[PDB]
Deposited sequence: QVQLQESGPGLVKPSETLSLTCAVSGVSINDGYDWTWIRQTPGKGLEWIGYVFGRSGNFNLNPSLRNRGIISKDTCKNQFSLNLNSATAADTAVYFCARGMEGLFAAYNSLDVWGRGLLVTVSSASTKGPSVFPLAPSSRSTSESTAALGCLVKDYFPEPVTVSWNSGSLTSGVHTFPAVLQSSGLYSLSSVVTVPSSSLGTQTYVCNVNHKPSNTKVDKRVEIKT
C-alpha cells in the first residue's frame, strides 16, 4: 500500500492564507517522488498547482500561483503541504494531493497515487452547523431517512448505525438555498419486518463547525 490523505480547514476568509497537508503512508517523503497538488473548481475542470521534489526539497508552481504560494515537505511528520496566500473566491475548489510515479521525466505529469480530495471554500461568511431531523415510514414503503438542514460550508458526512450499515444506504447530493446555506438528506432501505425489531440511527458530522450528532429514526 501507498496512501495519501488531505487535511486542512474547510473554510477560509478572503485575503487569508489557505493551507493544506497531505499525510503520506508506506513510503518516505524523502524517496524522490514529485509530491504534487492539483485542484478542481467544482464542475469546472482540473488545474495543476505544483510539486515538491521529495529528495531535494525544491519546489515549483503554476505561473498563476507562484509569486503567491509555496509547497513544502515535512520530514518529521512524513507529509507535504501547500500554502496559498491572499485567498480569493476563485480559490474555492476541491484540492487533491498526488504522487508522481518514480523516476519518470516530469513525474508530476504522471500521477499514480491520489488522495480523496478536500473541498476548501473561500468566503467572508460564517460557518453554521446543521439542524438534524429524522424521516420515518408508515409514508414511503420500506425506506428510513434523515434530513440535514441549513448548514455551511460544504461538506457534511453521514453514516448509519455507526457503520453497521453500508448496504441499502444512499446519501443525496446537497442543494444550495438562496441563503447560501446547504441541505441534504440520507436514506436507508430496510427489510420492512425489521422496523422496531432492529434499532436505526444515523451518525452525522459537519466537521467545519465541529458539529457531530446522532439521531433516532424512532419508528
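Show which contiguous pieces of the deposited sequence have no C-alpha coordinates, counting from residue 1.
Coordinates drop out over 139-143, 225-226.
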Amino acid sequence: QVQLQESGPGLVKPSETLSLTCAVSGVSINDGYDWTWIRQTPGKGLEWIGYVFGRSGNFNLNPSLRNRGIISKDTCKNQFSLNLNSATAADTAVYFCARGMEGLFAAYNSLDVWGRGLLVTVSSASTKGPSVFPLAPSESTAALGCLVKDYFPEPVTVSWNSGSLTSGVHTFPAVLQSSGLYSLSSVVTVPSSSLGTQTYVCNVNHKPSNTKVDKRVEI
From here on, numbers count along this sequence of modelled residues.
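Using only C-alpha atoms and the B-factors in the entry, which stretch averages higher, 127-135 or 95-103?
Comparing 127-135 with 95-103, the higher mean C-alpha B-factor belongs to 127-135.
Read off the CA B-factors in the entry, average them over 151-159 and over 52-60, and name the higher stretch.
Per the PDB entry, the higher value belongs to 151-159.
Out of 69, 26, 45, 191, which one has a C-alpha B factor higher than all the others in the entry?
By C-alpha B-factor in the record, 191 ranks first.
Is residue 196 in the lowest, middle or highest third of its chain when residues are ranked by C-alpha B-factor?
Highest third.
Lowest, middle or highest third - CA B-factor, residue 181
Ranked within chain, residue 181 CA B lands in the middle tercile.
Modelled-residue ranking by C-alpha temperature factor, third containing residue 219:
Its C-alpha B-factor belongs to the highest third of this chain's values.
Would you check the entry's CA temperature factor for residue 142 and let me know if it's in the chain's lowest, middle or highest third?
Its C-alpha B-factor, which the entry lists for residue 142, ranks in the highest third among residues of this chain.
Looking at the C-alpha B-factor of residue 41, is it in the lowest, middle or highest third of its chain?
It belongs to the middle third of the chain when residues are ordered by C-alpha B-factor.
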